[PDB]
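Shown below, as structure tokens, is a lone chain in the form deposited in one PDB entry; questions about how it binds or moves come after it.
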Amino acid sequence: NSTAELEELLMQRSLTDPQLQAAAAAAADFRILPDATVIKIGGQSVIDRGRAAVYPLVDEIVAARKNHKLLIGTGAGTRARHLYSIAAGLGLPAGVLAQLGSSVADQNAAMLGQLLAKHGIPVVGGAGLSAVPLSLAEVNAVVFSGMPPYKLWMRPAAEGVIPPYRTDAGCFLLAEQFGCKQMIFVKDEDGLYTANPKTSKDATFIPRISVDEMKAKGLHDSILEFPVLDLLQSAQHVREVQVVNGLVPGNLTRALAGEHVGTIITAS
């Protein structure tokens, strides 16, 4: 390959041309925010539970940003499920539901941000390029709303009108785009099990698994949005994710310290 061969293909072919696609794949790979970790704080699993769940995580975030640069994204939760129920019952399409769910993730970012403001940590749009906050020891963290931007241009699922890319996908793709070193989903279970632990009494804990193994066992749409597993397999930068229980004191702190709490899900 070469720059010239690539620029010639870029000028002379469709972007769909396999030859152009292959020349592009040989391009250099810049990581924009390589030393940051993206964390998703669950909507239904954490923020909807109020003080008992959120306050200890705020204390963990405040402590952790001393050693760790954090992009903290919010989930949506029960108010988005309510919006989806109303709008789906009216026959509205996935793209309209997508906009509705963004508002709920925004509410949750506001509430978390107000608990963090006196500690210097802002709510932002554009977390990945929130260069000033992330370069300051007094700050070193930002909060953002976890829904993706697709809104009316959301691709629907194969069935139904629930948007398939919601705040797990939003947060994951930000980590991937900015070339972050780590992606931690903070939920309300210890990690992945062989069945739904809330539903099934004898579910077995899984410390580590690949996306292919998850699909081969039928765990495609469990504790993570199943579309995130496919995004994970295509990812250039973030090739595994960790799922942890934010309700366990210190669990987020320990995951940031390299402890293998929860479940690690690998692209391959």
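What we label the rigid core is the largest C-alpha set whose atoms superpose within 1.5 Å from one form to the other. Counting begins at 1, following the sequence as shown. Residues that one form lacks are left out of the comparison.
J.: Which wins on mean Cα temperature factor, 13-21 or 255-263?
T.: Going by the record's values, the stretch with the higher mean is 13-21.
J.: Averaging only over Cα atoms, indicate whether 208-216 or 235-243 has the higher B-factor in the PDB entry.
T.: Taking the mean B-factor of the alpha carbons in each, 208-216 is higher.
J.: Which listed residue, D35, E225, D48, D59, has the largest C-alpha temperature factor in the record?
T.: Out of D35, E225, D48, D59, the record gives the largest C-alpha B-factor to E225.
J.: Can you tell me which of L136, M147, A94, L112 has the maximum CA B-factor listed in the PDB entry?
T.: Comparing C-alpha B-factors across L136, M147, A94, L112, the top value belongs to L136.
J.: Please place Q182 in the lowest, middle or highest third of its chain according to the CA B-factor in the PDB entry.
T.: It belongs to the middle third of the chain when residues are ordered by C-alpha B-factor.
J.: Using the B-factor values recorded in the entry, state whether the Cα atom of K198 falls in the lowest, middle or highest third among the modelled residues of its chain.
T.: Tercile = highest for this residue's CA B-factor.
J.: Consider only the C-alpha atoms of the modelled residues in this chain, order them by B-factor as the entry records it, and name the third containing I162: lowest, middle or highest.
T.: CA B-factor rank for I162: lowest third.
J.: Quick one: classify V124 as lowest, middle or highest third of the chain based on its Cα B-factor.
T.: Its C-alpha B-factor, which the entry lists for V124, ranks in the middle third among residues of this chain.
J.: Lowest, middle or highest third: which one holds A27 when the chain's residues are ordered by CA B-factor from the entry?
T.: For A27, whose C-alpha B-factor we compare with every modelled residue in the chain, the answer is the highest third.
One more form of this protein should be noted, the form deposited in another entry, which is absent from this view; the next part is about it.
J.: Tell me, which of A110, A131, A117, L90 is the one whose C-alpha shifts by at least 2 Å between this form and the one not shown, with the rigid core superposed?
T.: With the rigid core superposed, the residue that stands out is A131.
J.: Have a look at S103 and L129: in that other deposited form, are their Cα atoms closer together or farther apart than in this form, given the change is 3 Å or more?
T.: Relative to the displayed form, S103 and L129 draw closer in that other deposited form - a change of at least 3 Å between their C-alphas.
J.: Just to spell it out: taking the C-alpha atom of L33 and the C-alpha atom of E138, is that distance smaller or larger in that other deposited form than in the structure shown here, given it changes by 3 Å or more?
T.: It is closer: the C-alpha separation of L33 and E138 falls by at least 3 Å in that other deposited form.
J.: Using only residues present in both forms, find each stretch of at least 3 consecutive residues where all Cα shifts reach 2 Å or more between this form and the one not shown, with the core as the superposition reference, and list them in order along the sequence.
T.: Shifted segment: 126-138, the only one.
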